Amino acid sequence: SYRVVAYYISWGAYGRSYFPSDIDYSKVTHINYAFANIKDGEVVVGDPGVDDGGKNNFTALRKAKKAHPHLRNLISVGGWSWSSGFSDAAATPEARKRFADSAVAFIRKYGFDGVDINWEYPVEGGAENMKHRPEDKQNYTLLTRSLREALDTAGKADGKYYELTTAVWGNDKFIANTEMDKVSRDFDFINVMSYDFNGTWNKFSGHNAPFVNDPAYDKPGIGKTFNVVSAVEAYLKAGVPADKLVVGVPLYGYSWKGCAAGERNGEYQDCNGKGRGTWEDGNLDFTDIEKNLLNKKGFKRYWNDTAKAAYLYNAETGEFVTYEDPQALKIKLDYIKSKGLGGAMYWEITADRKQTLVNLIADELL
């Protein structure tokens, strides 16, 4: 009934040493492979060393399909760092044909069941390398159309339905910059990234995915709609049908160091930059939190009963971790069911080796 949409990261097959063979396929409905890049207006292999060569993640995904006929694997075109190719691809029917045809070619060659458009983001926002024009607002609708048509035609040729999905911003600027009411008709479902609301881009600490607005959080330029319920509600009002709205969830945490304690054990306080991380500073796998920090080694867990968010604080180093606690994830899973939504999505599956969050979502939606 409900979808469970796991992002798998290609670079999992390096240091992390977590491959598609390590996935518990019984615990999901979709795998979105992060990522395919864009080169010359064409969807291309992101990493020949682990995608279609070397560790051969694509082979391993096809082996998984055979074992689990019900499974659907999708290729996620773009991501934070590889979105700069979208503006061009979208802006002419010629370039849109070129793109959509390349995307059909990609999924037939590597045995994928469809495409996830991860464009970050139309009109404005994204990485230092990212490209925009204002016509992205309409062009996003146009590109979606070409893809829908090419996937539908190629689907009919191959005796196969090819899904089309997208990942959309938690910031409602995304909605003012697209036609979600138009483009919602062409997507099988929509992956709402209802996380990255607060991070080390801020000098002060906050929650990565608070459930509702905390008015006690008033640090400069953070919107009262930077929460999970505001974003879902903004996407229902913008025209995303409930049953197509998939709720994003993070399996990583963010950390700062040197956060003043104030009267909130570190919450919404000025800090001294990035805290400890797993694979890089200030970004923690839930596995790392669970095993090494969760009420351990000077880190204590606090609960905000306005936001419905947990955080750790180390009073000694003034380190503050925002992470997805089971207590908050359960409130989000009840919300999904009560609002009639499309299911849960999460970034990303290698970050929870014990499957503590992964099992709670599977057990609640499947």
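Residues carry their position along the shown sequence, with the first being 1.
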- Note on the structure: Going by the entry, of stretches 291-299 and 201-209 the one with greater average Cα B-factor is 291-299
- State which stretch shows the higher mean Cα B factor in the entry: 113-121 or 257-265. 257-265
- Item | C-alpha B-factor winner, where the candidates are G273, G277, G155, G79 | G155
- Task: Could you tell me which one of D188, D196, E128, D214 shows the highest CA temperature factor in the PDB record?
- Result: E128
- Query: So where's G41 on the chain's Cα temperature factor ranking, which third?
  - Reply: middle
- Task: Within this chain's modelled residues, let me know which third the CA B factor of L312 belongs to: lowest, middle or highest.
- Result: middle
- Once the chain's modelled residues are ordered by C-alpha B factor and cut into thirds, is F286 in the lowest, middle or highest one? middle
- Taking the C-alpha B-factors as the PDB entry records them, is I331 in the lowest, middle or highest third of its chain? middle
- Item | Within-chain third of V229 by Cα B-factor, per the entry | lowest
